[PDB]
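This report concerns only the one structure given below.
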Amino acid sequence: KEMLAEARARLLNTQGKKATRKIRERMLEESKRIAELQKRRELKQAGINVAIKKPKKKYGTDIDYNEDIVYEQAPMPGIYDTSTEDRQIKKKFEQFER
Amino acid sequence: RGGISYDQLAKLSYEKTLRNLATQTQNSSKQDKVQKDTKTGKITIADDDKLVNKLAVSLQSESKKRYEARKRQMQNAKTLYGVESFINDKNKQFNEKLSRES
Amino acid sequence: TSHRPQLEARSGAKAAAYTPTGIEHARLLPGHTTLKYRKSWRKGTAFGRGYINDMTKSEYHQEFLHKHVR
Amino acid sequence: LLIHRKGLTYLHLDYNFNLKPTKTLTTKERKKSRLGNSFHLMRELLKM
Amino acid sequence: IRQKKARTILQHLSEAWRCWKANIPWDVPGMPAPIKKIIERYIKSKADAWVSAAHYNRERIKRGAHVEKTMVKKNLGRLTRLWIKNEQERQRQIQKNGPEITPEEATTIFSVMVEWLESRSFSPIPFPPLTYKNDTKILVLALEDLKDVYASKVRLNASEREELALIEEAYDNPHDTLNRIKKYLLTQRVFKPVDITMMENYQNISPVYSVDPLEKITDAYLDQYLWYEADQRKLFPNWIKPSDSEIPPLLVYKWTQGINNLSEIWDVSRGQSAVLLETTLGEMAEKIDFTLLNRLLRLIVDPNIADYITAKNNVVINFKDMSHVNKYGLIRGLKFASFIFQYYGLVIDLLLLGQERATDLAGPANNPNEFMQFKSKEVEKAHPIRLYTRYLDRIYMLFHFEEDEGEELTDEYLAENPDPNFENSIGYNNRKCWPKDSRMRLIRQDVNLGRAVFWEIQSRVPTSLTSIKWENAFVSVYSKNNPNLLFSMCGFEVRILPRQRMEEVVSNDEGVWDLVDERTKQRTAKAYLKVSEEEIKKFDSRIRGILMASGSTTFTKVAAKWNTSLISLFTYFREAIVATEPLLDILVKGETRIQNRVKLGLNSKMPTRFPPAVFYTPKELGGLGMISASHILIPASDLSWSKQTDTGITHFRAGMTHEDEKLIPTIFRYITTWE
Amino acid sequence: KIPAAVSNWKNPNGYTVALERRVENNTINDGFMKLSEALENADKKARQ
Amino acid sequence: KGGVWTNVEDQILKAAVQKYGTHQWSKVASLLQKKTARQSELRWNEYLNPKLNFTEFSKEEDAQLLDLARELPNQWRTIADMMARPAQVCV
RNA sequence: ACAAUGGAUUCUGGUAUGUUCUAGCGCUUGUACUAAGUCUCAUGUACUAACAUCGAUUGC
């Protein structure tokens with residue numbers, strides 16, 4: 001029964017070291033973010049406002065995706081004059097962020 | 001028998017939404033231009049904001065209805081078969097895929 | 001995972017937009033700089049008196065594995 | 001100048017053009033500071 | 001079709017190539033017939049590259065021309081799949097097209113062996129009873145032979161630790177292990193499979209069979225018992241070799257004496273001639289048919305054991321993926337495979353000699369002959385086959401003809417297939433190691449008489465048993481035009497001149513046997529000895545195996561592997577190196593590779609850092625203890641004219657060079673020669 | 001339609017796929033018959 | 001020392017072959033204590049393979065077995081491919 | 001009557017690799033008691049060498 005439990009545990013584990021190590025690392029990263037967010041919320045209850053730190057650049061031309069719309073491709077110009085649609089979408093977007 | 005090609009599938013999807021637009025006008029009837037700016041070159045079409053809203057609502061309703069008709073299919077097919085040995089859900093979906101081959 | 005087939009090859013579209021370096025390779029040094037233009041003892045015994053398109057079924061393959069195994 | 005531009009300040013270039021490390025290096029520093037033939041063949045010409 | 005469906009179909013490409021290498025038929029149920037056609041087109045395309053790269057790299061390893069250490073293991077792993085794929089295909093051609101022996105052949109083959117044993121009055125070997133007086137001594141000789149494998153090696157795997165335990169259980173209970181073997185011979189007929197592996201030898205690839213340990217004990221007992229009871233009942237006659245009474249260098253020595261001892265061979269005053277034939281029997285063991293084999297063994301063996309031997313050969317042969325049932329050929333890795341192989345060769349020995357001559361060579365049953373002895377000289381003069389001997393699968397026939405008996409023999413060959421352009425001297429193969437004066441002179445009378453000798457001998461054995469071919473044939477005719485009789489025995493390349501056929505009688509060195517007549521006690525011929533070219537490359541491949549296996553091996557293990565292979569060279573071929581110039585260049589190049597291995601362990605190949613004191617001082621003084629054979633002046637004499645005649649030693653090339661001169665001794669001065 | 005690929009050698013995701021998806025038709029010719037019958041007829045002639 | 005096959009070791013061997021295929025037995029035998037990779041390879045090919053038929057012989061198959069055992073005496077791995085039975089069943 | 005003399009050395013070698021290490025503010029809201037460092041030797045443990053280990057004779 002002990003070797004059957006060991007075989008039952010071995011047959012039902014299909015991942016590997018790198019996959020398992022990656023899962024552990026991902027869980028750790030998620031816990032680290034939740035802890036930092038809680039730390040910021042508790043300091044916000046005390047009035048002190050501290051901003052979220054950015055992940056540091058690993059290389060020189062590393063990209064902050066939040067700062068800039070990235071390799072923006074504009075919709076091809078069309079004959080249908082989408083002018084009021086852009087006004088309504090801007091108003092709804094600013095309303096959302098409000 | 002057999003499958004349906006994409007040009008025959010698209011017409012039947014187009015024939016189906018015409019019946020949804022027919023009964024939408026029948027359920028409404030039961031209850032009760034082109035301007036081309038020469039400088040820009042743009043063409044502006046003036047249309048009813050109700051029919052544009054009813055277009056945006058019906059696409060969201062069809063998107064949710066197919067979302068819910070697939071979610072129940074996920075919950076049913078997971079709790080149908082448990083005879084053949086599996087390990088995870090991706091093994092079950094693959095061993096079921098072998099069954100439709102034969 | 002991590003050991004994958006290619007779904008597509010690396011294109012030269014990406015290397016064309018890069019800035020060059022101008023590093024000096026030994027095989028890009030000048031060479032062949034001029035082109036050429038065309039103008040009774042037998043009785044006592046017991047028993048007295050072509051090409052196939054298959055590399056494995058080939059005759060040379062049978063002579064190979066008979067000498068190189070022994 | 002070339003050694004110091006590459007950040008290799010833990011390698012001392014003697015006045016007799018002998019190149020020796022000033023400390024026990026990490027393996028990352030041994031990978032970085034492994035100069036090639038054209039440095040050393042130039043350095044041995046100056047030793048000569 | 002999207003990136004998903006293109007991703008799954010490429011796994012049938014990978015699966016097909018694993019089925020090709022396994023020699024498993026790749027058939028997917030429900031596969032579309034155009035798409036299956038595409039994959040088989042590209043698996044055959046990849047196979048054409050895979051097989052041709054195995055042929056190209058094999059020819060590089062034989063030349064020694066810079067093959068990577070990984071690629072030698074890779075080329076070994078490719079050929080063993082190609083050998084079994086050729087083996088499995090050969091098995092299916094017998095299963096489809098029936099046995100290669102016809103019922104007319106197998107009836108006559110069976111009738112020859114019944115006729116022979118009835119004249120010998122051979123009593124067949126019985127099943128070993130419970131009350132057998134030699135049963136405990138035969139069992140110990142079996143188990144000691146199985147135990148000698150493991151006294152050498154240190155660490156053992158799970159199969160080898162099982163094998164020593166099963167011997168220790170048989171030492172402690174000798175009566176209980178006999179009852180287990182006696183039960184396995186009566187009952188057991190389905191056996192565990194055999195794992196095959198192939199040993200790399202850099203010129204060829206030899207097969208090795210691994211039998212299960214519990215089944216290996218009852219094979220080793222049976223091989224002791226079959227070989228003890230055959231020699232007591234005198235089954236195998238005098239010509240069958242290895243003899244159990246003489247070393248392979250003594251087999252060369254007696255056969256060379258026993259030619260010269262027999263009368264009137266060298267007398268060429270008339271047109272009389274002497275012919276010596278050498279043919280390998282091709283795929284002798286590979287063509288053994290089990291139904292003929294089980295019927296033949298019932299003549300000499302109690303049918304309970306004769307059924308054991310036949311069923312033991314019918315087992316599964318496993319490489320890594322590859323697996324097939326050995327329907328047809330004999331497994332040489334079994335313990336009693338040697339008894340089968342020589343008894344099957346005795347059947348071939350009776351097809352060539354016939355009933356009448358094989359009784360004359362073996363002598364009568366009650367008082368048989370020695371190896372080359374006749375009961376009288378009149379028995380010898382009849383029937384021109386003079387001396388016959390057979391090694392493993394290599395036969396050696398001496399024919400002494402008259403001129404009239406020679407002309408009849410060579411006319412009926414030219415009646416069947418003549419040549420108008422006189423082209424029999426083109427494909428005639430002789431010894432390219434001897435000079436052109438010393439090898440066989442290609443005279444039209446003697447060449448056609450040599451091919452007529454082979455034509456008579458090839459017709460006596462059917463092609464269903466052995467493949468006797470002219471390319472594997474070596475025939476040396478002695479006549480008035482050929483003073484030399486040339487043959488190749490157990491790695492020894494021998495040349496013979498009679499005493500009267502020499503121009504002048506010059507004194508000779510250790511490489512020359514002096515051949516004495518029995519009754520005159522006079523030296524009447526000289527036997528000129530050389531190592532075969534096939535053995536020179538065999539030793540050159542052993543030096544490679546010392547270096548290629550040693551990754552980061554210590555210095556004195558390389559010196560000890562050099563010594564155990566240099567001793568095994570010189571103590572076997574004792575006096576035969578001296579006449580061989582290619583082997584002396586191998587000894588110099590081989591020993592300096594061992595010295596360079598010690599120079600590659602350090603980071604210097606500089607000669608001054610490594611005197612002869614470093615390598616050749618004994619291990620008690622701290623050196624490697626290398627035995628030298630290459631601080632020797634190598635004879636260099638006029639290669640343009642050395643192919644023509646034997647020039648003699650006119651000049652000496654230097655062998656190994658060193659700054660401070662040391663005369664390092666060589667073991668050829670310390671090993672007394674065979675003569 | 002292409003069947004899915006189940007291999008005996010490789011299982012990257014580690015799926016448990018049933019034993020029939022993981023893993024001759026002729027007879028002997030008359031040559032093996034006539035060989036064995038002639039060997040018995042030669043044997044029965046040899047015994048008599 | 002050579003153990004016998006219990007029903008727990010058989011169902012681990014079935015589940016491992018169903019996991020690993022049949023061309024890696026040192027990985028199958030690592031789940032089973034007391035079994036070598038050669039022992040688990042042979043147990044599958046002789047007893048646990050579902051392709052193998054452990055059925056009674058018909059009246060034709062009995063006469064067809066007696067016919068083969070005179071044609072091929074006595075070659076039980078070769079007869080078992082003709083019979084499409086395991087060889088110890090044929091003997 | 002023989003004068004014949006090849007070599008040669010560097011580089012690529014189990015902790016590798018990976019992460020975090022805001023001091024110096026960007027305007028508005030919100031008098032709770034005494035163990036130093038270096039060098040050498042010995043012992044204990046852990047890691048590591050992808051180090052090595054069977055060559056030969058007996059008094060019932």
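Each chain in the structure tokens gets a letter, A, B and so on, in the order shown; residues start at 1 in every chain, and ligands are counted from 1 in the order they appear.
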Please identify every residue of chain G that has at least one atom no farther than 7 Å from an atom of chain F, counting only C-alpha atoms, and for each give the shortest atom pair and the distance in Å to one decimal, arranged by chain then increasing number, as a tab-separated table.
```
residue	atom	partner	partner_atom	distance
G:18	CA	F:19	CA	5.4
G:19	CA	F:16	CA	4.8
G:20	CA	F:11	CA	6.9
G:21	CA	F:8	CA	4.6
G:22	CA	F:8	CA	6.1
G:23	CA	F:9	CA	5.9
G:70	CA	F:36	CA	6.9
G:71	CA	F:36	CA	5.4
G:82	CA	F:27	CA	6.8
```
Expected file contents, prior selection, N, CA, C and O atoms, as an mmCIF file, in the first residue's frame:
```cif
data_model
loop_
_atom_site.group_PDB
_atom_site.id
_atom_site.type_symbol
_atom_site.label_atom_id
_atom_site.label_comp_id
_atom_site.auth_asym_id
_atom_site.auth_seq_id
_atom_site.Cartn_x
_atom_site.Cartn_y
_atom_site.Cartn_z
ATOM 1 N N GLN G 18 0.557 2.450 -19.499
ATOM 2 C CA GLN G 18 -0.439 3.395 -19.975
ATOM 3 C C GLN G 18 0.038 4.839 -19.831
ATOM 4 O O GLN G 18 -0.516 5.733 -20.478
ATOM 5 N N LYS G 19 1.061 5.077 -19.012
ATOM 6 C CA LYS G 19 1.710 6.369 -18.821
ATOM 7 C C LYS G 19 2.974 6.530 -19.653
ATOM 8 O O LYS G 19 3.211 7.607 -20.206
ATOM 9 N N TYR G 20 3.797 5.488 -19.762
ATOM 10 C CA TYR G 20 5.130 5.629 -20.327
ATOM 11 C C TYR G 20 5.328 4.902 -21.648
ATOM 12 O O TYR G 20 6.415 4.991 -22.225
ATOM 13 N N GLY G 21 4.328 4.192 -22.146
ATOM 14 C CA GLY G 21 4.559 3.358 -23.302
ATOM 15 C C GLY G 21 5.338 2.109 -22.925
ATOM 16 O O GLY G 21 5.501 1.768 -21.757
ATOM 17 N N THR G 22 5.827 1.421 -23.953
ATOM 18 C CA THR G 22 6.504 0.146 -23.769
ATOM 19 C C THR G 22 7.982 0.178 -24.121
ATOM 20 O O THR G 22 8.628 -0.871 -24.089
ATOM 21 N N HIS G 23 8.538 1.333 -24.471
ATOM 22 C CA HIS G 23 9.941 1.414 -24.847
ATOM 23 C C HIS G 23 10.765 2.183 -23.825
ATOM 24 O O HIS G 23 11.720 2.872 -24.188
ATOM 25 N N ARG G 70 5.346 -30.710 -35.778
ATOM 26 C CA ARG G 70 6.119 -31.607 -36.625
ATOM 27 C C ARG G 70 6.847 -30.868 -37.735
ATOM 28 O O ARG G 70 7.925 -31.304 -38.151
ATOM 29 N N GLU G 71 6.265 -29.780 -38.241
ATOM 30 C CA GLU G 71 6.935 -28.972 -39.254
ATOM 31 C C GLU G 71 8.160 -28.282 -38.683
ATOM 32 O O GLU G 71 9.194 -28.182 -39.351
ATOM 33 N N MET G 82 2.985 -18.148 -35.503
ATOM 34 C CA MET G 82 2.011 -18.774 -36.389
ATOM 35 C C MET G 82 0.657 -18.911 -35.708
ATOM 36 O O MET G 82 -0.381 -18.608 -36.306
#
```
Stretch 33-48 of chain B surroundings by only C-alpha atoms (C1' of nucleotides), 12 Å radius, close-in-sequence under 6 positions cut, as a ChimeraX atom specification: /A:77-85 /B:54-55
Run DSSP on the backbone and grab whatever in chain A lands in alpha helix (DSSP H); send it over as a CSV table (one decimal) with N, CA, C and O atoms, in the first residue's frame.
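Output file out.csv follows:
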```csv
chain,number,residue,atom,x,y,z
A,2,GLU,N,2.0,1.2,0.6
A,2,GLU,CA,2.9,2.4,0.6
A,2,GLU,C,3.5,2.6,-0.8
A,2,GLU,O,3.6,3.7,-1.3
A,3,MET,N,4.0,1.5,-1.4
A,3,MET,CA,4.5,1.7,-2.8
A,3,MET,C,3.4,2.0,-3.8
A,3,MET,O,3.6,2.7,-4.8
A,4,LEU,N,2.1,1.6,-3.5
A,4,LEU,CA,1.0,2.0,-4.3
A,4,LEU,C,0.7,3.4,-4.2
A,4,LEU,O,0.3,4.1,-5.1
A,5,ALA,N,0.8,4.0,-2.9
A,5,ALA,CA,0.6,5.4,-2.7
A,5,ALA,C,1.7,6.2,-3.4
A,5,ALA,O,1.5,7.3,-4.0
A,6,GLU,N,3.0,5.7,-3.4
A,6,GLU,CA,4.1,6.4,-4.0
A,6,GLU,C,3.9,6.3,-5.6
A,6,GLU,O,4.2,7.3,-6.2
A,7,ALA,N,3.5,5.2,-6.1
A,7,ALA,CA,3.2,5.1,-7.5
A,7,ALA,C,2.1,6.0,-8.0
A,7,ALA,O,2.1,6.6,-9.0
A,8,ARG,N,1.0,6.1,-7.1
A,8,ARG,CA,-0.1,6.9,-7.4
A,8,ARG,C,0.3,8.4,-7.4
A,8,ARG,O,-0.3,9.2,-8.1
A,9,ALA,N,1.3,8.7,-6.5
A,9,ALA,CA,1.7,10.1,-6.5
A,9,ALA,C,2.7,10.4,-7.7
A,9,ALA,O,2.7,11.5,-8.2
A,10,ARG,N,3.4,9.4,-8.2
A,10,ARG,CA,4.3,9.6,-9.2
A,10,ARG,C,3.6,9.7,-10.6
A,10,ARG,O,4.0,10.5,-11.4
A,11,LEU,N,2.6,8.8,-10.8
A,11,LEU,CA,1.8,8.9,-12.1
A,11,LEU,C,1.1,10.1,-12.3
A,11,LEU,O,0.8,10.5,-13.4
A,17,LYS,N,11.1,20.0,-13.1
A,17,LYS,CA,11.7,20.9,-12.1
A,17,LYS,C,11.5,22.4,-12.5
A,17,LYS,O,11.2,23.2,-11.7
A,18,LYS,N,11.7,22.7,-13.8
A,18,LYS,CA,11.7,24.1,-14.3
A,18,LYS,C,10.2,24.5,-14.2
A,18,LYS,O,10.0,25.7,-13.8
A,19,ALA,N,9.3,23.7,-14.6
A,19,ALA,CA,7.8,24.1,-14.5
A,19,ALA,C,7.4,24.3,-13.0
A,19,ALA,O,6.8,25.3,-12.7
A,20,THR,N,7.8,23.3,-12.2
A,20,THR,CA,7.5,23.4,-10.7
A,20,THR,C,8.2,24.7,-10.1
A,20,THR,O,7.5,25.4,-9.3
A,21,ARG,N,9.4,24.9,-10.5
A,21,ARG,CA,10.2,26.0,-9.9
A,21,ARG,C,9.5,27.3,-10.4
A,21,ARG,O,9.4,28.2,-9.6
A,22,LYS,N,9.0,27.3,-11.6
A,22,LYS,CA,8.4,28.5,-12.2
A,22,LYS,C,7.1,28.7,-11.4
A,22,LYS,O,6.8,29.9,-11.1
A,23,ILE,N,6.3,27.7,-11.1
A,23,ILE,CA,5.0,27.8,-10.4
A,23,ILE,C,5.4,28.4,-9.0
A,23,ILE,O,4.7,29.4,-8.6
A,24,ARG,N,6.4,27.9,-8.3
A,24,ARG,CA,6.7,28.4,-7.0
A,24,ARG,C,7.1,29.9,-7.1
A,24,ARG,O,6.6,30.7,-6.3
A,25,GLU,N,7.9,30.3,-8.1
A,25,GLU,CA,8.4,31.6,-8.3
A,25,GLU,C,7.2,32.6,-8.5
A,25,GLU,O,7.2,33.7,-8.0
A,26,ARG,N,6.2,32.1,-9.4
A,26,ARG,CA,5.1,32.9,-9.7
A,26,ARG,C,4.2,33.2,-8.4
A,26,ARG,O,3.8,34.3,-8.2
A,27,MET,N,4.1,32.1,-7.6
A,27,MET,CA,3.3,32.3,-6.4
A,27,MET,C,4.0,33.3,-5.5
A,27,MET,O,3.3,34.2,-5.0
A,28,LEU,N,5.3,33.2,-5.4
A,28,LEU,CA,6.1,34.1,-4.6
A,28,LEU,C,5.9,35.6,-5.1
A,28,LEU,O,5.7,36.5,-4.2
A,29,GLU,N,6.0,35.8,-6.4
A,29,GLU,CA,5.8,37.1,-7.0
A,29,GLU,C,4.4,37.7,-6.7
A,29,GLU,O,4.4,38.9,-6.3
A,30,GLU,N,3.4,36.8,-6.8
A,30,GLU,CA,2.0,37.3,-6.5
A,30,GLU,C,1.9,37.7,-5.1
A,30,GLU,O,1.2,38.7,-4.8
A,31,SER,N,2.5,36.9,-4.2
A,31,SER,CA,2.4,37.2,-2.7
A,31,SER,C,3.1,38.5,-2.4
A,31,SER,O,2.6,39.3,-1.7
A,32,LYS,N,4.3,38.7,-3.1
A,32,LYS,CA,5.1,40.0,-2.9
A,32,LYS,C,4.3,41.2,-3.3
A,32,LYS,O,4.3,42.2,-2.6
A,33,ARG,N,3.6,41.1,-4.5
A,33,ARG,CA,2.8,42.2,-4.9
A,33,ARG,C,1.6,42.5,-3.9
A,33,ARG,O,1.4,43.6,-3.6
A,34,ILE,N,1.0,41.4,-3.4
A,34,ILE,CA,-0.2,41.6,-2.6
A,34,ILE,C,0.2,42.2,-1.2
A,34,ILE,O,-0.5,43.1,-0.8
A,35,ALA,N,1.4,41.8,-0.7
A,35,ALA,CA,2.0,42.4,0.5
A,35,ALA,C,2.3,43.9,0.3
A,35,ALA,O,1.9,44.7,1.2
A,36,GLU,N,2.9,44.3,-0.8
A,36,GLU,CA,3.2,45.7,-1.1
A,36,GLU,C,2.0,46.5,-1.2
A,36,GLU,O,1.9,47.6,-0.7
A,37,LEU,N,0.9,46.0,-1.9
A,37,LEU,CA,-0.3,46.7,-2.1
A,37,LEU,C,-1.0,46.9,-0.7
A,37,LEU,O,-1.5,48.0,-0.5
A,38,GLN,N,-1.0,45.9,0.1
A,38,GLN,CA,-1.6,46.0,1.5
A,38,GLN,C,-0.8,47.1,2.3
A,38,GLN,O,-1.5,47.8,3.0
A,39,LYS,N,0.5,47.1,2.2
A,39,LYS,CA,1.4,48.0,2.9
A,39,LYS,C,1.1,49.5,2.4
A,39,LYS,O,1.0,50.3,3.3
A,40,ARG,N,0.8,49.7,1.1
A,40,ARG,CA,0.4,51.0,0.6
A,40,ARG,C,-1.0,51.3,1.1
A,40,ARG,O,-1.2,52.5,1.4
A,41,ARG,N,-1.9,50.4,1.2
A,41,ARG,CA,-3.3,50.7,1.7
A,41,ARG,C,-3.2,51.1,3.1
A,41,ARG,O,-4.0,52.0,3.5
A,42,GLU,N,-2.4,50.4,4.0
A,42,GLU,CA,-2.3,50.7,5.4
A,42,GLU,C,-1.7,52.1,5.6
A,42,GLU,O,-2.1,52.9,6.5
A,43,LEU,N,-0.7,52.4,4.8
A,43,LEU,CA,-0.1,53.8,4.9
A,43,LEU,C,-1.1,54.8,4.3
A,43,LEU,O,-1.0,56.0,4.8
A,44,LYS,N,-1.9,54.5,3.4
A,44,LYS,CA,-2.9,55.4,2.9
A,44,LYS,C,-4.0,55.7,4.0
A,44,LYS,O,-4.6,56.8,4.0
A,45,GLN,N,-4.3,54.7,4.8
A,45,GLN,CA,-5.1,54.9,6.0
A,45,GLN,C,-4.4,55.9,7.0
A,45,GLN,O,-5.2,56.6,7.7
A,84,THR,N,-17.6,62.2,-34.2
A,84,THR,CA,-18.4,62.2,-33.0
A,84,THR,C,-18.2,61.0,-32.1
A,84,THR,O,-18.4,61.0,-30.9
A,85,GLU,N,-17.9,59.9,-32.8
A,85,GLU,CA,-17.7,58.6,-32.1
A,85,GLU,C,-16.4,58.7,-31.2
A,85,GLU,O,-16.5,58.2,-30.0
A,86,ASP,N,-15.4,59.4,-31.6
A,86,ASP,CA,-14.2,59.6,-30.8
A,86,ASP,C,-14.5,60.5,-29.6
A,86,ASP,O,-14.0,60.3,-28.5
A,87,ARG,N,-15.4,61.5,-29.8
A,87,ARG,CA,-15.8,62.4,-28.7
A,87,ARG,C,-16.5,61.6,-27.6
A,87,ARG,O,-16.3,61.7,-26.4
A,88,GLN,N,-17.5,60.7,-28.1
A,88,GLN,CA,-18.2,59.9,-27.1
A,88,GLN,C,-17.3,58.9,-26.4
A,88,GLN,O,-17.5,58.6,-25.2
A,89,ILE,N,-16.4,58.3,-27.1
A,89,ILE,CA,-15.5,57.3,-26.5
A,89,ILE,C,-14.5,58.0,-25.5
A,89,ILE,O,-14.2,57.5,-24.5
A,90,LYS,N,-14.0,59.2,-25.9
A,90,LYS,CA,-13.2,60.0,-24.9
A,90,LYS,C,-14.0,60.3,-23.7
A,90,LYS,O,-13.5,60.3,-22.6
A,91,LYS,N,-15.3,60.7,-23.8
A,91,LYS,CA,-16.1,61.1,-22.7
A,91,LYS,C,-16.4,59.9,-21.8
A,91,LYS,O,-16.3,60.0,-20.6
A,92,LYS,N,-16.6,58.7,-22.4
A,92,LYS,CA,-16.9,57.5,-21.6
A,92,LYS,C,-15.6,57.0,-21.0
A,92,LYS,O,-15.7,56.5,-19.8
A,93,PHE,N,-14.5,57.2,-21.6
A,93,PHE,CA,-13.2,56.8,-21.0
A,93,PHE,C,-12.8,57.6,-19.8
A,93,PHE,O,-12.4,57.1,-18.8
A,94,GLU,N,-12.9,59.0,-20.0
A,94,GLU,CA,-12.7,59.9,-18.9
A,94,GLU,C,-13.7,59.7,-17.8
A,94,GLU,O,-13.3,59.8,-16.6
A,95,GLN,N,-14.9,59.3,-18.1
A,95,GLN,CA,-15.9,59.0,-17.1
A,95,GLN,C,-15.5,57.7,-16.3
A,95,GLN,O,-15.7,57.7,-15.1
A,96,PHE,N,-15.0,56.7,-17.0
A,96,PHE,CA,-14.5,55.5,-16.4
A,96,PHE,C,-13.4,55.8,-15.4
A,96,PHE,O,-13.4,55.3,-14.3
A,97,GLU,N,-12.4,56.5,-15.9
A,97,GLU,CA,-11.3,56.8,-15.0
A,97,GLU,C,-11.6,57.8,-13.9
A,97,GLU,O,-11.0,57.8,-12.8
```
Closest contacts (chain D/chain H, max 10 Å, only C-alpha atoms (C1' of nucleotides)) as CSV:
```
residue,atom,partner,partner_atom,distance
D:27,CA,H:16,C1',8.3
D:28,CA,H:16,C1',9.2
D:34,CA,H:11,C1',9.5
D:36,CA,H:11,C1',8.6
D:37,CA,H:11,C1',9.0
```
Contact residues around residue E:365 with only C-alpha atoms (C1' of nucleotides) at 10 Å, ignoring same-chain residues under 3 positions, as a list in words: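 So the residues in contact are residues 117, 119, 120, 121, 122, 234, 359, 362, 368 and 369 of chain E.
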Atomic separation - atom CA of residue E:220 relative to atom CA of residue E:205, Å: 25.7 Å
Stretch 57-69 of chain C surroundings by only C-alpha atoms (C1' of nucleotides), 12 Å radius, close-in-sequence under 4 positions cut, as a PyMOL selection string: (chain C and resi 50-53) or (chain E and resi 48+51-52+54-56+58-59+61-62+75-76+78-87+89-90+198-208+282-283+286+467+471-472)
Atom-to-atom span, atom CA of residue B:15 and atom CA of residue B:57, Å: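 It comes out at 19.3 Å.
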Interface residues on chain A facing chain F, 10 Å, only C-alpha atoms, written as a PyMOL selection string: chain A and resi 11-15
Would you output that residue set with C-alpha atoms, as an mmCIF file, in the first residue's frame?
```cif
data_model
loop_
_atom_site.group_PDB
_atom_site.id
_atom_site.type_symbol
_atom_site.label_atom_id
_atom_site.label_comp_id
_atom_site.auth_asym_id
_atom_site.auth_seq_id
_atom_site.Cartn_x
_atom_site.Cartn_y
_atom_site.Cartn_z
ATOM 1 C CA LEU A 11 1.838 8.859 -12.055
ATOM 2 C CA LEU A 12 -0.192 11.993 -11.278
ATOM 3 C CA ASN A 13 2.730 14.480 -11.407
ATOM 4 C CA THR A 14 3.676 15.529 -14.939
ATOM 5 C CA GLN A 15 5.439 18.898 -14.599
#
```
Contact set, chain G to chain E: 9 Å, only C-alpha atoms, as a PyMOL selection string: chain G and resi 1+23+36+42+71-78+87-88+91
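Coordinates place atom CA of residue E:616 at a distance of 21.2 Å from atom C1' of residue H:8.
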Distance query stretch 445-450 of chain E at most 12 Å, only C-alpha atoms (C1' of nucleotides), self and fewer than 2 positions along chain excluded, as an MDAnalysis selection string: chainID E and resid 271:278 398:403 405:415 417:419 422:430 440:443 452:457 470 473:483
All residues 12 Å or closer to residue C:5, only C-alpha atoms (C1' of nucleotides), same chain fewer than 6 positions away omitted, as a VMD selection string: chain E and resid 6 to 8 10 to 11 14
Preceding selection exported with N, CA and C atoms as a PDB file, in the first residue's frame:
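Final output, saved to out-v2.pdb:
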```pdb
ATOM      1  N   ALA E   6      -1.374  22.036 -38.080  1.00  0.00           N
ATOM      2  CA  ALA E   6      -0.028  21.837 -38.598  1.00  0.00           C
ATOM      3  C   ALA E   6       0.926  21.366 -37.515  1.00  0.00           C
ATOM      4  N   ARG E   7       0.578  21.584 -36.252  1.00  0.00           N
ATOM      5  CA  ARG E   7       1.434  21.197 -35.142  1.00  0.00           C
ATOM      6  C   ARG E   7       1.305  19.718 -34.805  1.00  0.00           C
ATOM      7  N   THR E   8       0.116  19.147 -34.984  1.00  0.00           N
ATOM      8  CA  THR E   8      -0.122  17.754 -34.631  1.00  0.00           C
ATOM      9  C   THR E   8       0.381  16.803 -35.712  1.00  0.00           C
ATOM     10  N   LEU E  10       2.990  17.052 -37.588  1.00  0.00           N
ATOM     11  CA  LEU E  10       4.436  16.895 -37.558  1.00  0.00           C
ATOM     12  C   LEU E  10       4.904  15.914 -36.493  1.00  0.00           C
ATOM     13  N   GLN E  11       4.011  15.449 -35.620  1.00  0.00           N
ATOM     14  CA  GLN E  11       4.342  14.386 -34.683  1.00  0.00           C
ATOM     15  C   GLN E  11       4.192  13.000 -35.283  1.00  0.00           C
ATOM     16  N   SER E  14       7.731  12.464 -36.689  1.00  0.00           N
ATOM     17  CA  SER E  14       8.695  12.009 -35.698  1.00  0.00           C
ATOM     18  C   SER E  14       8.446  10.561 -35.310  1.00  0.00           C
TER      19      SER E  14
END
```
